[PDB]
Amino acid sequence: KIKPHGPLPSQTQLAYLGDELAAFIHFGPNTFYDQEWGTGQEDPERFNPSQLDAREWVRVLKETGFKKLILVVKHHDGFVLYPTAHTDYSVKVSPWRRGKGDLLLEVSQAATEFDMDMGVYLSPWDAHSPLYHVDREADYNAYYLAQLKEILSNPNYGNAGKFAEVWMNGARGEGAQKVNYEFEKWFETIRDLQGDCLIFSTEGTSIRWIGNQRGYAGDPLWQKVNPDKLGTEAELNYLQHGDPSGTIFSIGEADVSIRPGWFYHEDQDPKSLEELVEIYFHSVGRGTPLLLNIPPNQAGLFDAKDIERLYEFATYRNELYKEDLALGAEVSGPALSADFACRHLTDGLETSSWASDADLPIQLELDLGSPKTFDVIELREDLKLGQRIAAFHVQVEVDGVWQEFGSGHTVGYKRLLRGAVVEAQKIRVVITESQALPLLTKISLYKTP
Ligand SMILES: CC(=O)N[C@@H]1[C@@H](O[C@@H]2O[C@@H](C)[C@@H](O)[C@@H](O)[C@@H]2O)[C@H](O[C@@H]2O[C@H](CO)[C@H](O)[C@H](O)[C@H]2O)[C@@H](CO)O[C@@H]1O
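Within every chain, numbering proceeds from 1 in written sequence order, not necessarily in step with the numbering of the entry, and residues without coordinates do not appear. Computation of side-chain values: all heavy atoms of the structure, hydrogens and water removed. Residues with missing side-chain atoms are left out of burial classes, side-chain pairs and their counts.

The record lists X-ray crystallography as the method behind this PDB entry and 1.7000 Å as its resolution.

(A) Molecular detail of the pattern of salt bridges. Salt bridges are defined as contacts in which a side-chain nitrogen from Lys or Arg sits within 4 Å of a carboxyl oxygen from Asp or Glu. In this structure the tally under the stated criterion is 18 salt bridges. Each member of the salt-bridge network shares a partner with another, and the members are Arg259, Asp303, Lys305 and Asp306.

(B) Structural view of empty space enclosed by the protein. Estimated volume of the largest cavity: approximately 50 Å³. Here a cavity denotes grid points, spaced 1 Å and computed from the protein atoms alone, that fit a 1.4 Å probe unable to get out, and a pocket denotes an open set having protein on both sides within 12 Å along at least 5 of 7 lines; residues with an atom within 4 Å of a point are the lining. What lines the largest cavity is simply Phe27, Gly28, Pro29, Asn30, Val72, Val73, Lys74, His75, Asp77, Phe79, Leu81 and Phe263. Counting from the N terminus, the helices are DSSP H or I runs at least four residues long and the strands are E runs at least two residues long. Counting residues per element, the ones that place at least two in the lining of the largest cavity are α2 (29-33) and β2 (68-74). The leading source of residues in the lining of the largest cavity is β2, at three residues. Classification convention: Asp, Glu, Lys, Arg as charged; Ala, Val, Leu, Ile, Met, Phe, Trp, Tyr, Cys, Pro as nonpolar; all other residues, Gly among them, as polar. Broken down by class, the residue content of the lining of the largest cavity amounts to seven nonpolar, three polar and two charged. Counted as a void, the second largest cavity has a volume near 40 Å³. Around the second largest cavity sit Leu17, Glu20, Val284, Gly287, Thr288, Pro289, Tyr413 and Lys414, which together line it. Here the residues of the lining of the second largest cavity are counted per class, giving four nonpolar, two polar and two charged. Grid points are joined across faces, edges and corners, and a volume is the space filled by probe spheres set on the points.

(C) Summary view of the packing of helix α8 (residues 273-282) against helix α9 (residues 304-320). Lines fitted to C-alpha atoms define the axes here, with helix axes fitted over just the stretch in contact, and angles between the N-to-C directions of these axes take values from 0 to 180 degrees. Two elements in contact, α8 and α9, have axes whose closest approach is 10 Å; the angle formed by their N-to-C orientations is 50°. Here α9 runs oblique to α8, going by the angle between their axes. Where α8 crosses over α9, the two elements pack in a sense that is right-handed. Every residue of α9 that contacts α8 at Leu273, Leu276, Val277, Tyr280 and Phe281 is listed here: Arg309, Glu312, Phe313, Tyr316, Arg317 and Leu320. Its residues assigned to classes, the contact of α8 with α9 shows eight nonpolar, no polar and three charged. Here the word oblique covers every angle except those under 35 degrees (roughly parallel), over 145 (roughly antiparallel) and from 65 to 115 (roughly perpendicular). By convention, the crossing between two helices is left-handed when the near helix turns anticlockwise from the far helix through less than a right angle, and right-handed when the turn is clockwise. Two residues qualify as a contact provided that any one of their heavy atoms is within 4.5 Å of a heavy atom in the partner residue.

(D) Spatial organisation of helix α3 (residues 54-63). Every buried residue of α3 is accounted for by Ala54, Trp57, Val58, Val60 and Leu61. Viewed end-on, α3 has its buried residues packed into an arc of 165°, placing them on one side of the element. The positive-phi residue at the C-terminal boundary of α3 is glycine 65, with phi of around 95°. Note on exposure labels: buried denotes an accessible area under 20% of the residue type's maximum, exposed denotes more than 50%, and partly exposed covers the range between, all computed with a 1.4 Å probe on protein chains only. Starting at the helix axis, one direction is taken to each C-beta atom, and the arc is that of these directions.

(E) Region of the structure containing the domain arrangement of the protein chain. You can read the domains of the protein chain as domain 1 (11-321) and domain 2 (330-446). Residue ranges for the domains trace back to a domain assignment, done automatically or taken from a database. Inter-centroid distance (C-alpha atoms) of domain 1 to domain 2 is 36 Å. The interface of domain 1 with domain 2 comprises 22 residues on the first partner and 20 residues on the second. Taken together, the two surfaces of domain 1 and domain 2 that pack against each other cover about 1,800 Å², and 57% of this comes from carbon and sulfur. Ranking the residues of domain 1 by area buried against domain 2 places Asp219, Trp222 and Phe281 at the top, with a combined share of 30%. Where domain 1 packs against domain 2, one counts three salt bridges. Across the salt bridge formed by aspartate 219 and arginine 415, the nearest N and O atoms sit 3.0 Å from each other. Polar contact is the term for a pair of N or O atoms within 3.5 Å; when the atoms are in protein, one must be able to donate a hydrogen and the other to accept it, and sequence-neighboring residues count only if both atoms are side-chain atoms. Counting across the interface, domain 1 meets domain 2 through 13 residue pairs in polar contact. For the side of domain 1 that touches domain 2, the secondary-structure elements that each account for two or more residues are α1 (11-19) and α8. Defined here as a combined quantity, buried area equals the accessible surface (1.4 Å probe) lost by two parts on assembly, summed across both.

(F) Structural view of the side chain of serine 444. Locating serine 444 in the fold gives a position in strand β18 (residues 442-446). A residue is classified by how much of its surface remains accessible, and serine 444, at 0% relative accessible area, is buried. Within polar-contact distance, the side chain of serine 444 engages the side chain of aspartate 324 at 2.8 Å. Reaching out from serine 444, the side chain makes a polar contact with the side chain of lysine 442 at a distance of 3.4 Å. Sequence-distant contacts of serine 444, that is, excluding residues within four places in its chain, are made with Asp324, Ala326, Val376, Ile377 and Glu378.

(G) Local environment of the packing of aromatic side chains. Two rings belonging to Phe, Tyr or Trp (six-membered ring only in the last case) form a pair when the distance between their centres is within 6.5 Å. Interplanar angles under 30 degrees mark stacking, angles over 60 mark edge-to-face geometry, and anything in between is tilted. The tally for this structure, following the rule as stated, stands at 28 aromatic pairs. Relative to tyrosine 143, the ring of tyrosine 140 lies with its centre 5.9 Å away and its plane at 55°, an arrangement referred to as tilted. Of this pair, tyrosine 140 and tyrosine 143 both sit in helix α5 (residues 137-152), three residues apart, which is roughly one turn of that helix. The same class applies to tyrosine 140 and to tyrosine 143, which are both buried. Among the aromatic residues, ring-to-ring pairing joins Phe27, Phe32, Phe47, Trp57, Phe79, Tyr89, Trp96 and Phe302 into one connected group. Look at NZ for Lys and CZ for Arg. If either is within 6 Å of the ring centre and within 35 degrees of the ring normal, a charge sits over the ring. Sitting over the ring of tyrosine 33, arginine 46 keeps its end group 3.9 Å from the ring centre.

(H) Up close: the UniProt feature "domain: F5/8 type C" (unreviewed entry) in the protein chain. UniProt positions are given in the numbering used here, feature names are shortened, and annotations may be inferred rather than shown by experiment. Within this structure's numbering, the places UniProt gives as "domain: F5/8 type C" (unreviewed entry) are residues 308-448. For residues 308-448, the end-to-end C-alpha separation is 20 Å, with 9% helix and 49% strand making up the annotated structure.

(I) The arrangement of a negative patch on the surface in detail. Side chains of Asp34, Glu266, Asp267 and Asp269 sit close together on the surface and give a patch of like negative charge. Assignment of secondary structure puts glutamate 266 in the loop between β9 (251-257) and α8. What makes a patch is a set of residues exposed beyond 30% relative accessible area and free of salt bridges, joined within 9 Å when like-charged and within 5 Å when nonpolar (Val, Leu, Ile, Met, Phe, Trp, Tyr). Each accessible area is a Shrake-Rupley estimate made with a 1.4 Å probe; only the visible protein chains count as cover when residues are assessed. For this count, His and the chain ends are skipped, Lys and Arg are scored as positive, and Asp and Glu as negative. A single reference atom marks each charge: NZ on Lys, CZ on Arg, CG on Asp, CD on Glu.

(J) Region of interest: the pairing of strand β3 (residues 117-122). Within β3, five of the six residues are buried, which leaves it mostly tucked inside the rest of the structure. Two strands qualify as a pair provided that DSSP identifies no fewer than 2 bridges between them. The pairing of β2 with β3 spans six bridges and is classified as parallel. From the neighbouring strand, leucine 69 faces β3, where its bridge partner is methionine 118. You can see the chain leave β2, run along helix α4 (residues 103-114) and come back into β3, and the turn it takes is right-handed. Pairing of β3 with strand β4 (residues 165-167), which is carried by three bridges, proceeds in the parallel orientation. Across the sheet, residue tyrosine 121 finds its bridge partner in β4, namely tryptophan 167. A clockwise path from the first strand over the helix to the second, with the strands pointing away from the viewer, defines a right-handed crossover. In this fold, β3 hands off to α5, which returns the chain to β4; that crossover is right-handed.

(K) Region of interest: the UniProt feature "binding site: Ca(2+)" (unreviewed entry) in the protein chain. In the numbering adopted here, UniProt assigns the feature "binding site: Ca(2+)" (unreviewed entry) to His344, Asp347, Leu349, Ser352 and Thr441. A maximum C-alpha distance of 10.0 Å among these annotated residues, which run over 98 residues, shows that they cluster at one spot. Considering the arrangement of structural elements, one finds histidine 344 in the loop between β11 (330-332) and β12 (354-355). If we skip the residues at most four places from it in the chain, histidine 344 touches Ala338, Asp339, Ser352, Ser353, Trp354 and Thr441. Looking at where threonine 441 falls in the secondary structure, it is placed in the loop between β17 (439-440) and β18. In contact with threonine 441, not counting residues within four places along its chain, are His344, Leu345, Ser352, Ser353, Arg380, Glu381 and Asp382.

Have a look at this one:
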């Protein structure tokens, strides 16, 4: 029994890491006003999608491999997209669904049908609320809290009444009131109603921002931080790389829009497959989830181009992973014991892993038995026992010379590392720095389609 190392992830954290792909939905007055930020002066009469179909949103997301859907139900403009008891600035005063509309309900019903996990984004900064003022901040905090209770206590909201993530955006306009939030109170309520539900915030919660909206996790990416170095003034590079000395397990979620903007704009186009693939390799392929925003249009529908792109992106990933070229390769090198043997890295069993207490560098060598053509290696740690590896490199034997394939810092939950396409039978993975005796659960090899 190897001892754990460092801060360990919760079950809900590991489940997210396992799921890899989440979808964001920004939709609201901003969609009708052709803007990215609203003022709270938007006319609810203009919130009037011609033919909204949340079931179609959920179906396409499910079919294209997304495992969670995070819905904006109140952006910075403050317009609430479910019939809240706590402000009149909501869908209640919109003509949509002859005034009886509830977008949270509509998305929740569809998500429940498709077993799509649910997140909810409720903007802390509220440009509409007359309570959003330093002189009224206790009242604003009670407003926000009361809405968390409305959202998170209702069996008709979420995936069968369950929410997997709450999103508290850190953004605030320069001229806005400097309201301070009752974070701990909010977190307690979230726990009371939804247990270990993940929380994205500027504070020391289970999810942090990766520090850009480009889909780029750093290398290294430590999925752990010290809460004392977070808050609204957290350094972006700290978010992006995490902390080798972090004290809490923290997922650096990589959010990015399929378009330039978060809301739908007719004049904008979605990213290319090539662009999404790069993002994929620098987010999921660096051990963190990708949260990809798809904005519905003024009809309440996903854009046709955007839909095509999600299917092409899904096809790409299915083809990448179709064959693990490393399965059954003979693996040699040091190993702690038979229970942690090298052959565990390519045996195709999720239940078996490798470890070694040998002095670094530790060299694992795979012999594929015959020459194969590949351009991706996948490594995974056992984060139930903590993140450990700080540096590694990969080589391939070509005409009797061990040439470089690639190098990196961290592995984490899952690390994809691309190299130039090669035909080779023998590969070395060399671990050169680690915070504790290294473990890997798998080595895989693929060819990009
Ligand atoms: C329009 C725009 O680019 N705004 C960004 C801010 O993004 C916010 O978050 C995204 C997801 C979207 O809802 C925007 O309308 C929001 O304004 C950005 O705020 C940071 O956003 C990240 C998430 O990407 C975390 O929530 C941070 O805590 C926020 O500080 C700010 C600063 O990067 O830049 C523009 O205002």
